[PDB]
Amino acid sequence: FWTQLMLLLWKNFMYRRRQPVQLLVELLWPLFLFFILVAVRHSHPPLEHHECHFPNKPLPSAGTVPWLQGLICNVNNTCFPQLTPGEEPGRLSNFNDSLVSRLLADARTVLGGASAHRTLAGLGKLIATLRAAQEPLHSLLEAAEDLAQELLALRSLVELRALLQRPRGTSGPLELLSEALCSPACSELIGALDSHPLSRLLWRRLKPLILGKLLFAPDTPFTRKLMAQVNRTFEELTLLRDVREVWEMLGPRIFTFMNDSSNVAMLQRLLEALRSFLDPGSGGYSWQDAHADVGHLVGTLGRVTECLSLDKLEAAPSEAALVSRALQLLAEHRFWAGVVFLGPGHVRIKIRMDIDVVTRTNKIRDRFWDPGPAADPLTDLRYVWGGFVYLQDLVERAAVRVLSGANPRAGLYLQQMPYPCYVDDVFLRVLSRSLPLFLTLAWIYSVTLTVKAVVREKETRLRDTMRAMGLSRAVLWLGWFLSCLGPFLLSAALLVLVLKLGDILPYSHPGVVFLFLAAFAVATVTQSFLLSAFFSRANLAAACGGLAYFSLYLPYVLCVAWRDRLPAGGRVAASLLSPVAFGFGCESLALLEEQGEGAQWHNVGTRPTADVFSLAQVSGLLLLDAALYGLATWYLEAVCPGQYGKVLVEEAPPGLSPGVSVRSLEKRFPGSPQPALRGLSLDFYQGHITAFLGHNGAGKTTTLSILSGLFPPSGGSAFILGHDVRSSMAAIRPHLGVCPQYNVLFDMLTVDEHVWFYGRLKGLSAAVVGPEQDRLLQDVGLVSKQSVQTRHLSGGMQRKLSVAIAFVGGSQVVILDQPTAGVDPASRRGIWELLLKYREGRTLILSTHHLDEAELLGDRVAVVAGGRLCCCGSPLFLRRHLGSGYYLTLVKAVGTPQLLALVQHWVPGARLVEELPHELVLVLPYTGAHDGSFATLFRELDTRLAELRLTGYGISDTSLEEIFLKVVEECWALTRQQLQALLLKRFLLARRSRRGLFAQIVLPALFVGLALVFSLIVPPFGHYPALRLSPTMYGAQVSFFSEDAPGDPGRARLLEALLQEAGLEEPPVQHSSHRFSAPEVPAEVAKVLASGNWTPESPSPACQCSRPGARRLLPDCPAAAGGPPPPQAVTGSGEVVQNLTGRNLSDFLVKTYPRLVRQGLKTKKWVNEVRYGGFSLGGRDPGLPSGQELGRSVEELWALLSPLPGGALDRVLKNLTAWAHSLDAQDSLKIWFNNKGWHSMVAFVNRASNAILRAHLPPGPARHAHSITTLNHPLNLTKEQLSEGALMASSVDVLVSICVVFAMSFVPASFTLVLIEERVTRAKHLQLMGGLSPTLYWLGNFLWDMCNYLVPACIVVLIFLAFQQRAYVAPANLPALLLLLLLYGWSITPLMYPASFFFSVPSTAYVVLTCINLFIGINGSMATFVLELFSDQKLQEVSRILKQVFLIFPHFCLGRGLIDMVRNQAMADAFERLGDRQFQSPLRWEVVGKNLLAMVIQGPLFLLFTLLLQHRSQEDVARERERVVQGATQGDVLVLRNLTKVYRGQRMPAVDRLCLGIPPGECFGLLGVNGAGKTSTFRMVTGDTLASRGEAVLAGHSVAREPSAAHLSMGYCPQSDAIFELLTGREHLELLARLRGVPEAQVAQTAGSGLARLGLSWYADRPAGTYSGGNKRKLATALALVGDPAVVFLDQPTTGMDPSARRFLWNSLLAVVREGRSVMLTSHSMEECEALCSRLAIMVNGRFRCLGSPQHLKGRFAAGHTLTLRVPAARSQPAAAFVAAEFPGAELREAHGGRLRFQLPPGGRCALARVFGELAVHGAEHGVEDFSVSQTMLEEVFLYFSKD
């Protein structure tokens, strides 16, 4: 266990050690990704803030001066870390320091006491007038003294005198106003405002207020009453203009009584008074200064008040005319707002202002929650500077004034709810949506090398060998898991260090987050294992693994999008995937970081919030997912049960040793109906090599599997060395070795540690492996190839290293399986010598499928058929029981009956079978096997052979082939039909692969439709809806009404009305005493409150803010902060009201704010706050009014000082009566708004006004018959907002525009993968053989390309019609889409062909092509659309001009044409309400026609591109060479001359200047080893690559003359299975028949003859997948010879098939040679050449060595006469003594205990009779079993091939 585990770990580590660049890019890809992430983090630093309070903003219902005050001063809306005085419960105004309020209070405090001092003057004037028609003089002197000293004791007048006696230069008028606050004259004022940017922006908040309009649409007298009440703040605002002309009748007039008129003034002023009156001089200024300054100030105020409207109120009786007039006034910038009295009693009010002026009204809250008060007056405040709530409250007060019948003096003070000190970091807000994507993209590569490696080791079937040879699958999975956890954990450690040290996750102990990432790694590596168990294809699974991994992350996106909707149980159930369980854990980590405390060991086991996981509750879930994936892999490994994805016998050797004795196995595949094998009872012997012949998979693999360690023996007895598989299975393994049919090698390993690996696993120790290793590496002969340390660089030789691995243990039993299939003949003798070296003392089971080596290697031979044993034994006469015993061949370079008679006088048993020219074959039967009779026959035959005119003889014994065959049965128009053949063949290829076409057609065409039909979640841009205004649209919430100075009945009435409007039913008093229900106070917190010095007006104790070094979002404090829980009550509408009377009211809200947000803080998408707005029924402003005596004084001046009958002075005085009497402001109100809720301000303003209406109303049906509900609905559009609502939103159109490219990219790649597997499989070769020009082949197949592109275009067009889409249903834009799609498909096909000629695997080509096409699609659509919209400057416009003219990508113009047509539809839809005149034909040539022109002109270029790259191709040795050079043979079909190969890169010619001539009537048997240039020689006669140098003509026709003429009479047969798996045998025959122009009457006859010549009646409609290799090779040969070729090409047609199929194969091709057709052969098993043909040729390293007729070469260097013997005593020397005494040759080979072979000197003219009768006594001389003379067969040369 523990040895092989560490050995497998070493084996897996050596893979990555040998492949370093994959490991290096593995280590440096997520480092680059997370360096990008840390650059993003460093680009956006965290930002903190202090506790934020906000100043009071008065509304014009509170008077006029505070409204200006708040507008001019509080324009910036600056924050305040200290408390503003406007939030204290007592004060309402916060401008004691202001000069204007100081002036108001000073006037009210010095004019209050001057009541008697002016009535005294009045009565004195009255009595002086009475006496005319000296007490008052001195009395008024003292009164004037008192008044002058009262006036002069004021510091504010000196301040305004110094401020007003200042120049009009650098600052301007607005700064002069704000210093004391905090017509061409109008043109100069506007120029002064525009002179400074500060005054410019302050006028930008004021020019709609000054030059705006109020346009009320209905004109009933109710609306006229409304407007005549709301203009009372407008028409009476400019009343100072009136007092201006008061100076114009009083200023100069008294001036005319002043200058040169001191006589009337000296008398009263003379009779400390005169120094107080300031009698004028050089220094005393009292009269001229006063007149000049008063005139200057009144002129300044008049010129400031020159260009107000004086009637901004206008009218319009039509709402459409209202919209048009508003548009015009916007065009000249003179519009403010439109009141609409759209009624049905109650009053409904619409406000219509511009979009720049009003907040958007589509949604209520935000969509991504920013954690601040959000008070920036430019961005989200629009109800203040824009001028909504001013108007709003003005019309509200007018409506309540006209509906109440009274005049409520209830102002409004808007006030922002203060915010605690926050920290705004966007990065830490989105880390829950970023890090689970960035880790998955970091490990989308690192999974695709685990699936790739595991499937690759499941594909070469070496894992089956390791499982059979001693391993357990548990050890395999343990080794793979422990080896793949390496890179995952290393990358996890690196990407934990990066997160901690890059400030991405600060405050966090890296141990817990590293444990978290290890819990993700251990849950994704087994995810990769489960993904790998699906497949059996290496590159296909490697490509599909990343897609299937990243397609499981998208549930996390789908869950984070709709987090609030689903409950916890569904979250747990959907957390059973690997990345989603990491996603929720990362959300919990980010939200735990969010409260400042990084992940540490204190808080692992606690949920940070009530609806998220914990770190411990996730790290236990990933392990559960890992266990589930492992269990599912364990279950799914059983999807492949077992598999992947007559008594004529003798058992009596002299050496008996049943080391592997087996009896009667029965096995049964579940899918076979017959048993896997039948019973057999034979046993094997060590010292023998028992050959095991059979059929293709019908016994040549299953028996050797069941006697190995793989298959279990449920049936049969298989005792190996006494014990069976079912019991021991442990000690046999050191004595057992195996070698299956496939290679058992490691691809990236080398040889020395390979044999060390197998030896160390087999049980050999490390101290004894080396002495095995050196002799193993030298027995194979790889000492030269072990120090170079190469594995993949040697090919075909590796079969030797497949069999030497079976000898690493010195095992007594070795089981081979077809060890001679894929090996060159130069190493066949090498492996045979290896087995002969290792044949002594070992039980060799060599189940070769060939019959040309069992006679050499096999001491005994067993033959099985279908699982049934036919016969077994030594290959001598004891098993050679055939009637035709021996075959005599008398050869010529005369007369059958004379020689037949001669045999008949000698031996009458005879048989004449063959009487062909130059060879006569007789049959001597074994019946009468008297060697003396044969000797006495051959004596006369020797004396007759010289004069018989033959001069040649050769007599074979019975071969193993015929006894095997005996025992096997006991157990223009021509081009048009080329197009027809091409289209029908492609049709049958397509029509069978059902699910592949189903995927590659149905997924994109329905994917576009599904994406468009479910991508309507994007909001439709356009008009903005009207919105009802109330706090009831926010749902359930809280509010408060904290009142101050409640000593009034009116304030109680207003409070009761506010409560009744708050959804609270007014209860009876016995239940209204406890109407509220105070909640429980925590007693352990109540003791903290009592311990502290707390009263309900004292501040809350503390709240821990963001420490330096530990930053939080919202400060942490328990219930001690925020005071006690205030009393509360519940309403019927779900609102809560909280009596907050007598608190700090800002040390409460700031402290209590975060605990309300903590419920909705979980996802931060749509955070339902609960505290949106409150109230405060504020009482009296603290300060003495003294306005009662001011009203008395102003009425006394009205009735005393010149009462004008016209009322010019009198109406000013009467307005001053209200200015002084209503200056008390007997009640006031605040409105505490929130700004995260967009509409809280004006909704609570409307609520306050409704409360005022309810308060000032008598009972009855009028309290509910009087209500007013304001609305908010902006204008339709203006000129630039036509484009804004039509073109710069554009999300749905661009998403479908990218989506059609996204989906239509995957359709034509199905062509590319099919044509690249047509490339790498050599089918393209065999359709290039014929009349098919490659240009003709291409023009055959793009017609099919358009034919199959006709499929998805109809589906997408009809599904675009079916959705009733506005841009695809009308008959003007539908044909544009149709033509664009059709020409786009015309243009996308020809550009993807030449990637196949650069690529290898269809899966790799698929994924690379779709990656590059997807990338260019997203680039050329989105980047271009983003460049051309939201423009910046001229450089981008110049860049996009070139980007939209060059247009070289087809997807670029598809996307741009579709976007252009859909924006034409959008602009027409926007135009249809305005003055359109819009025909808008989408088929314009300058709009979309350039795209179709570019497609129709660029398509042929790529059509010819793949053609132009494809058509770049534009003694007997001397006795043949000199004959061909000196003369060309026209009778010979094939003439080759200068067969020289210029290899690119190898720098060496293959064959050195040799020429050939091939006669047509015979077959030419060519043989070539690797490196002798065979495939190239087939290749240029084929004509694949360049035809530059070398003459090669066939049938008198030149390849250089016509290339297609060289393919008509050339029938190729590759070793590659160049057949379609979805099309059966008769259909290849039919397809080739129509490819050769066979007439339709002869097509069926040709197909039937082609199938039935080589069987195929049962294999007719059977698919090509369910064939054998022999069946596929034999139908390839039949396809090669069908079509009438002059020469038939067979390149390696024989690789291990059943020799019965060989019998019919060379029977059929011998018949076709007798028909007169030449045939080309080249293969590794050269017995076929001597079995069928009549001419042999060999070349090694491209040099001809024989090049002659095979019998002449046999007379030259072969054709010796040999002998095989059989002796029981194994005493070879006594036999060899007389045998070498009889014959002069005394060689010896295979002097072994089985048998003995002997070779005599070749070419003996004397017959072999001199031994035969000699044997007839000499075989009786010693103990001899049997003899078989192996003299002059054709097969003797293979022994030559076994020698040298």
# chains A, B, ... in the order shown; residues from 1 in each chain; ligands from 1
>>> residues_around(residues="residue 626 in chain A", least_positions_apart="6", cutoff="12 Å", atoms="only C-alpha atoms", output="VMD selection string")
chain A and resid 481 518 to 530 576 to 579 581 619 to 620 632 to 633
>>> write_last_selection(atoms="N, CA, C and O atoms", output="short mmCIF file (atom, residue, chain, number, x, y, z; two decimals), in the first residue's frame")
data_model
loop_
_atom_site.label_atom_id
_atom_site.label_comp_id
_atom_site.auth_asym_id
_atom_site.auth_seq_id
_atom_site.Cartn_x
_atom_site.Cartn_y
_atom_site.Cartn_z
N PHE A 481 -5.36 12.38 -6.14
CA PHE A 481 -5.82 13.46 -5.29
C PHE A 481 -4.66 14.13 -4.56
O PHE A 481 -4.56 15.36 -4.54
N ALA A 518 -8.17 26.37 1.17
CA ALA A 518 -7.90 24.94 1.09
C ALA A 518 -9.18 24.13 1.07
O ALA A 518 -9.25 23.10 0.39
N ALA A 519 -10.21 24.57 1.81
CA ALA A 519 -11.50 23.91 1.75
C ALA A 519 -12.16 24.08 0.39
O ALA A 519 -12.95 23.23 -0.03
N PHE A 520 -11.86 25.18 -0.31
CA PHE A 520 -12.33 25.29 -1.68
C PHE A 520 -11.51 24.44 -2.65
O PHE A 520 -12.08 23.89 -3.60
N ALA A 521 -10.20 24.33 -2.43
CA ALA A 521 -9.37 23.52 -3.32
C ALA A 521 -9.70 22.04 -3.21
O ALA A 521 -9.80 21.34 -4.22
N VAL A 522 -9.90 21.56 -1.98
CA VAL A 522 -10.27 20.16 -1.76
C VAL A 522 -11.69 19.86 -2.21
O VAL A 522 -12.05 18.69 -2.33
N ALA A 523 -12.49 20.88 -2.49
CA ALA A 523 -13.83 20.69 -3.03
C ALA A 523 -13.90 20.93 -4.53
O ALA A 523 -14.90 20.55 -5.15
N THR A 524 -12.89 21.57 -5.12
CA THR A 524 -12.87 21.71 -6.57
C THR A 524 -12.02 20.65 -7.26
O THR A 524 -12.29 20.35 -8.43
N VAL A 525 -11.03 20.05 -6.58
CA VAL A 525 -10.26 19.01 -7.25
C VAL A 525 -11.10 17.74 -7.44
O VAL A 525 -11.01 17.09 -8.48
N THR A 526 -11.97 17.40 -6.49
CA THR A 526 -12.86 16.28 -6.68
C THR A 526 -14.03 16.61 -7.60
O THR A 526 -14.58 15.71 -8.24
N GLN A 527 -14.43 17.89 -7.67
CA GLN A 527 -15.30 18.35 -8.75
C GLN A 527 -14.68 18.08 -10.11
O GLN A 527 -15.36 17.59 -11.03
N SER A 528 -13.40 18.39 -10.26
CA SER A 528 -12.68 18.07 -11.49
C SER A 528 -12.61 16.57 -11.73
O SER A 528 -12.70 16.13 -12.88
N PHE A 529 -12.44 15.78 -10.67
CA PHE A 529 -12.45 14.32 -10.81
C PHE A 529 -13.80 13.82 -11.32
O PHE A 529 -13.85 12.96 -12.21
N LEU A 530 -14.90 14.33 -10.76
CA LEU A 530 -16.23 13.94 -11.21
C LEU A 530 -16.48 14.37 -12.64
O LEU A 530 -17.13 13.64 -13.40
N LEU A 576 -24.95 23.32 -2.71
CA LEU A 576 -24.36 22.00 -2.87
C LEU A 576 -23.42 21.91 -4.06
O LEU A 576 -22.84 20.85 -4.30
N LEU A 577 -23.26 22.99 -4.82
CA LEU A 577 -22.25 23.07 -5.86
C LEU A 577 -20.95 23.60 -5.26
O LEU A 577 -20.92 24.12 -4.14
N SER A 578 -19.86 23.47 -6.00
CA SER A 578 -18.56 23.92 -5.49
C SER A 578 -18.36 25.44 -5.48
O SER A 578 -17.94 25.96 -4.45
N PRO A 579 -18.60 26.19 -6.57
CA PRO A 579 -18.30 27.63 -6.50
C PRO A 579 -19.35 28.46 -5.79
O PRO A 579 -19.00 29.49 -5.21
N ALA A 581 -21.03 27.50 -3.13
CA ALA A 581 -20.64 27.36 -1.73
C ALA A 581 -19.41 28.18 -1.39
O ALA A 581 -19.25 28.57 -0.23
N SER A 619 -17.10 26.12 5.55
CA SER A 619 -15.97 25.21 5.49
C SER A 619 -16.33 23.78 5.86
O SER A 619 -15.53 22.87 5.59
N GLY A 620 -17.48 23.55 6.49
CA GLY A 620 -17.99 22.21 6.67
C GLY A 620 -18.90 21.79 5.53
O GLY A 620 -19.17 20.60 5.36
N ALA A 632 -20.13 10.13 -5.71
CA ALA A 632 -20.71 10.05 -7.04
C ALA A 632 -19.71 9.52 -8.06
O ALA A 632 -20.11 8.78 -8.97
N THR A 633 -18.43 9.87 -7.94
CA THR A 633 -17.41 9.27 -8.80
C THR A 633 -17.28 7.77 -8.54
O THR A 633 -17.14 6.99 -9.49
#
>>> residues_around(residues="range 781-793 of chain A", least_positions_apart="6", cutoff="7 Å", atoms="only C-alpha atoms", output="PyMOL selection string")
chain A and resi 747-752
>>> atom_distance(atom1="CA of residue 1578 in chain A", atom2="CA of residue 1398 in chain A")
22.8 Å
>>> residues_around(residues="residue 1588 in chain A", least_positions_apart="4", cutoff="10 Å", atoms="only C-alpha atoms", output="PyMOL selection string")
chain A and resi 1513-1514+1541-1542+1580+1600
>>> closest_residue(among="A:1018, A:965, A:1618, A:1119", to="residue 1080 in chain A", atoms="only C-alpha atoms")
A:1119
>>> atom_distance(atom1="CA of residue 1220 in chain A", atom2="CA of residue 1187 in chain A")
5.3 Å
>>> residues_around(residues="residue 512 in chain A", least_positions_apart="5", cutoff="9 Å", atoms="only C-alpha atoms", output="list in words")
residues 517, 599, 600, 601, 604 and 615 of chain A
>>> select_by_dssp(residues="range 561-768 of chain A", states="strand (DSSP E or B)", output="list in words")
residues 660, 661, 663, 667, 677, 683, 689, 690, 691, 692, 693, 717, 720, 723, 736, 737, 738 and 739 of chain A
>>> select_by_dssp(residues="range 457-613 of chain A", states="alpha helix (DSSP H)", output="number ranges by chain")
A: 457, 462-468, 473-501, 510-532, 538-550, 554-561, 568-573, 578-594
>>> atom_distance(atom1="CA of residue 231 in chain A", atom2="CA of residue 216 in chain A")
12.2 Å
>>> residues_around(residues="residue 155 in chain A", least_positions_apart="5", cutoff="10 Å", atoms="only C-alpha atoms", output="PyMOL selection string")
chain A and resi 102-103+106+160
>>> closest_residue(among="A:41, A:138, A:1071, A:1023", to="residue 501 in chain A", atoms="only C-alpha atoms")
A:41
>>> closest_residue(among="A:243, A:1178, A:505, A:1838", to="residue 1046 in chain A", atoms="only C-alpha atoms")
A:1178
>>> closest_residue(among="A:194, A:1025, A:286, A:1792", to="residue 350 in chain A", atoms="only C-alpha atoms")
A:1025
>>> closest_residue(among="A:562, A:1092, A:364, A:1192", to="residue 115 in chain A", atoms="only C-alpha atoms")
A:1192
